Ligand SMILES: Nc1cccc(-c2cnc3[nH]cc(-c4cccnc4)c3c2)c1
């Protein structure tokens, strides 16, 4: 009947009551998101005197444990990150309230999935896409400092928030499914739309997986829609092969899951496998035409606008193709990304 003295519901989640004060400190405004992890409320802090977002974790051991890993990793980033200038969302403090791990974060404006939706899935300025990329490149650079070596493992529009609603300064969230570099524990990682070939094929993954995600994320912020929107892993791979071609032989020869999507022919090469129930041939929907670098941008709608010339679109195709490199070792890394001619 009543679980945890009637504070929790059937899903072990704390039932939110708008107005309820905690610990003569936090004043709960409302609920704003939920997830697997638990819930995220809006709440004023009277000691510091600001709005904060408190991530309420579910009163259950499995969720308490992985939230505890995340708290470790965030605190660890706050040791390096001194002047909040590497675009990570700040963990402020954490406490136990009524048998729930609560994480207090800095409060932020809507995520980039909301921003995309507010333009009815038709994207925003190349000018803004450059600002977001620069900011996200440095955040990655920071994650790749050797002491950290933190892989987010889940970058999508959903996990990138704006600081101010009238300013382009962003941050990253959701390190709850995010590990450090090391021996391979999981295989089924990342959101499908933004999952890399090394993962789909089931090979050793390192910090380059987040760079693939970003690569997919930036195109979506300018076009409006996902670059690769696969129903399942078989569709996803095929949709990558629509654009980037069949992956190189030496990578497919190594891949454990290379027969889920391909077949090795009698003459050494790899071909696609036919399916249940119409794609384009490998590498024939070229990003040049997806972005529309000669046709006034994504579906013509940027023709004539400042900073959307063939000159500017070519720099943005070059970096994006360089991020979407099939090979995790030659793929571009954040220190060279920032050097690229696109941020000039
Ligand atoms: N209104 C709204 C919509 C989407 C995200 C947020 C928001 C604002 N600030 C935040 N700080 C930390 C989070 C957050 C995000 C994901 C999981 N747990 C906390 C967080 C979320 C707020």
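In the deposited numbering, the protein residues as written are 134 to 410, 414 to 480. Cβ coordinates follow ideal geometry from the N, Cα and C atoms, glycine included.
Practice item. Determine the DSSP secondary structure at residue 229, reduced to helix, strand or coil. Key: strand
Check your understanding: Is it true that the CB of residue 209 sits closer than 8 Å to the CB of residue 281?
Key -> yes
Practice item. Please go through the same chain and pick out, in chain order, the residues whose beta-carbon is closer than 7 Å to the beta-carbon of residue 369, but skip the five residues on each side of it. Key: 325, 328, 333, 361, 363
Exercise for review: Under 7 Å Cβ to Cβ from residue 306, same chain only, skipping five residues before and after it: list those, please.
Suggested key: 222, 292, 294
Point to revise | For residue 220 and residue 358, the rounded distance between their alpha carbons | key: Those two C-alpha atoms are separated by around 24 Å.
Review point. How about residue 236 and residue 224: do their beta carbons lie closer than 8 Å?
Key: A contact, by the Cβ cut-off of 8 Å.
Review point. For residue 174, does the count of other Cβ atoms within 10 angstroms reach 16, so buried, or fall short, so exposed?
Key: buried
Exercise for review: Please specify which runs of the beta strand (DSSP E), each continuous and at least 3 residues long, are wholly inside the segment 153-187, giving them in chain order.
Suggested key: 159-167, 171-178
Review point. What's the C-alpha gap between residue 451 and residue 301?
Key: 21 Å
**Study point:** heavy atom of ligand 1 below 7 Å from residue 306 C-beta
**Key:** yes
Check your understanding: residue 203: buried (16+ other C-beta within 10 angstroms of its C-beta) or exposed?
Key -> A residue is called buried once 16 or more other Cβ atoms fall within 10 Å of its Cβ, and residue 203 is buried on that count.
Point to revise | DSSP state of residue 222 mapped onto helix, strand, coil | key: coil
Check your understanding: Residue ranges of each alpha helix (DSSP H) run of no fewer than 4 residues wholly in the segment 355-385, ordered along the chain?
Key -> 366-377, 382-385
Exercise for review: State the CB to CB distance for the pair residue 423 and residue 376, rounded to an integer number of angstroms; the pair is presumed to be in contact (CB under 8 Å).
Suggested key: 6 Å
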